[PDB]
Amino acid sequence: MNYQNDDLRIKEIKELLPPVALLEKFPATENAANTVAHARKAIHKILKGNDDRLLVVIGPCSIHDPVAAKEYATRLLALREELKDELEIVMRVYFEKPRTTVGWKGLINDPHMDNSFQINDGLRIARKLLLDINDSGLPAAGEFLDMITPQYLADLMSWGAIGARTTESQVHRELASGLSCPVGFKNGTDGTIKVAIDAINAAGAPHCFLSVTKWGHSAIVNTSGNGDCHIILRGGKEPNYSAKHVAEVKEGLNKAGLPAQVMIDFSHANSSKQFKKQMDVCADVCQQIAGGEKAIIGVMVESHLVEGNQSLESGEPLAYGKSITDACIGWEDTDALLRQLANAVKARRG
């Protein structure tokens, strides 16, 4: 069908597997379904206060290899068990990082990292990976950049995050008010806290947004509202993790009529884009936690099997278990890190 003045800047547009196809091929096993249900209920209590543990969303910056991802998941699953009594460990399974610039479009948009853009392969690979991880008993945390992807993966998400650059977007807020899991809004790029707070209030109400039915047709979604949303401090022009800021944030939250709780992102802006510094932020935060700090309900750490990152866009033989986006701490620091956190929660415990 040819319409006038239509699709002028569209190189190409093609049907995507309908959600139902992905659900039918990779249905949630009984374990996977449990892992999800339980991890959601658990995060709900921590946010409701009825639990003194720390939510810990730790994992690779972005996932580009299911093999490494599942090995990583295996290790993280062990620690999840060990520190089970203090922490509620959840894997950060993110498939793409929003780039103002160019770069790899992620596991879903371009599974083969060769600009082939086999997105239907992406969905398959992505969903199977989440399915496997959840099946093994390890909950997963993911990000939601648009209003359509949720239909293919939300049911395997125990926790999700609306990034900094979209926290103020009405549509993303409306989306969050309909997600079946706890949502965490990041503070503005420059460090602005108001946006995230308003977001939290908006997510709590009922909304309408366009997306697609599980059969893939365009649809209007009417949400109920989501009360399990909290803020995520990822720094601005200067870190947000200091007790000085926590104090500030705790203020604004109550001022807005929302529980004074926050999650702290050791990476990104709080890490000054230096994966090494995540260990330092851990120091300051662990102290706050142990020194009787309750408002902090969770943290976020970018870690992989191998520290640092590597250039994919330079035509280099990628190394296994090493992030190809933001730099992540190695598995050594990750363990030490988690152990410290576990204790700071024990200290604080009283």
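All residue numbers are counted from 1 along the displayed sequence.
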property: Mean C-alpha temperature factor, higher of 227 to 235 and 96 to 104; result: 96 to 104
property: Stretch with the higher entry mean CA B-factor, where the candidates are 298 to 306 and 311 to 319; result: 311 to 319
property: Highest recorded Cα temperature factor - choice among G292, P66, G59, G49; result: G292
property: Of the residues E24, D335, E12, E15, the one carrying the largest Cα B-factor as recorded; result: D335
property: Record-listed C-alpha B factor of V36: chain third; result: lowest
property: For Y241, the third of its chain into which the C-alpha B factor falls; result: highest
property: Chain-relative CA temperature factor third for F275; result: highest
property: CA B-factor placement of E86, once the chain's modelled residues are sorted into thirds; result: highest
property: Third of the chain's Cα B-factor distribution that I264 belongs to, per the entry; result: middle
